């Protein structure tokens with residue numbers, strides 16, 4: 001449980017460089033069932049799902 005919610009916007013970028021945002025539908029371990037911008041339902045790895053706001057701005061120093 002990492003804190004993903006249903007309907008949550010996650011950012012996924014394909015190999016083609018396509019930046020697409022999905023909705024989390026259901027969550028199972030390392031796999032997440034999501035819905036695509038077109039409405040396709042897909043299963044991705046949770047490790048592929050980056051939250052809309054990652055720790056980019058709030059990152060504890062460098």
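Below, the figures for the structure above:
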{"read-out": "Filter result (farther than 12 Å from residue 46 by Cα, outside any loop (DSSP other than H, G, I, E, B) and touching a residue at least 24 places away in the same chain (Cβ under 8 Å)) within region 3-21", "value": "9, 21"}
{"read-out": "Residue 42, sole failed condition from (1) surrounded by 10 or more Cβ atoms within 10 Å (Cβ to Cβ); (2) part of a loop (DSSP other than H, G, I, E, B)", "value": "(2)"}
{"read-out": "Residue list for region 22-38, restricted to those being loosely packed, with under 15 Cβ neighbours inside 10 Å and under 21 Å from residue 55 (Cβ atoms)", "value": "30"}
{"read-out": "Unmet requirement for residue 55, which otherwise passes all of (1) assigned to a strand (DSSP E or B); (2) loosely packed, with under 10 Cβ neighbours inside 10 Å", "value": "(1)"}
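None of the figures in this text is laboratory data; all of them are computed from the coordinates on show. Cβ atoms come from the backbone with ideal geometry, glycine included; neighbour counts cover every protein chain shown.
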